[PDB]
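Position one of the sequence shown corresponds to residue 12 (the entry's author numbering), numbered consecutively onward. Note that the Cβ used here is the ideal one computed from N, Cα and C, for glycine as well.
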Amino acid sequence: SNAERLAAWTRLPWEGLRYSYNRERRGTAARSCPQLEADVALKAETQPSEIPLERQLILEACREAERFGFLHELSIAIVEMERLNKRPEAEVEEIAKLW
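Right, dumping it as structure tokens:
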């Protein structure tokens with residue numbers, strides 16, 4: 012889905028991306044950031060791999076946004092942060108095609 016697309020495109024660290032997820036989850040029953048972090052961390056150690064935990068966290072967060080209906084708001088929020096990090100507009104265009 013667009014959750015996997017957004018998670019693949021973003022280059023933000025979890026330390027920053029968590030802010031957008033936490034901001035856009037207001038009013039929903041989506042998991043908080045510590046709940047996501049604990050769930051993914053356990054899921055990572057029950058099936059250990061070379062997949063960075065940060066990538067699993069971000070993908071879990073994008074999926075959770077899709078489940079509770081704020082993936083579009085999260086994509087806009089993530090793109091705002093990336094543009095603040097001067098992510099090139101040519102690359103923002105690649106994710107803007109979901110809109």
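Exposure label - residue i; buried when at least 16 CB within 10 Å
| i | result |
| --- | --- |
| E102 | exposed |
| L109 | exposed |
| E93 | buried |
| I89 | buried |
| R36 | buried |
Beta-carbon spacing of residue i, residue j below 7 Å
| i | j | result |
| --- | --- | --- |
| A14 | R74 | yes |
| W20 | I106 | yes |
| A18 | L47 | no |
| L28 | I69 | yes |
Residue i versus residue j - alpha carbon distance
| i | j | result |
| --- | --- | --- |
| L95 | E77 | 24 Å |
| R42 | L23 | 20 Å |
| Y32 | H83 | 11 Å |
| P59 | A52 | 10 Å |
| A55 | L64 | 7 Å |
| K97 | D50 | 32 Å |
| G80 | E104 | 23 Å |
| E100 | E91 | 11 Å |
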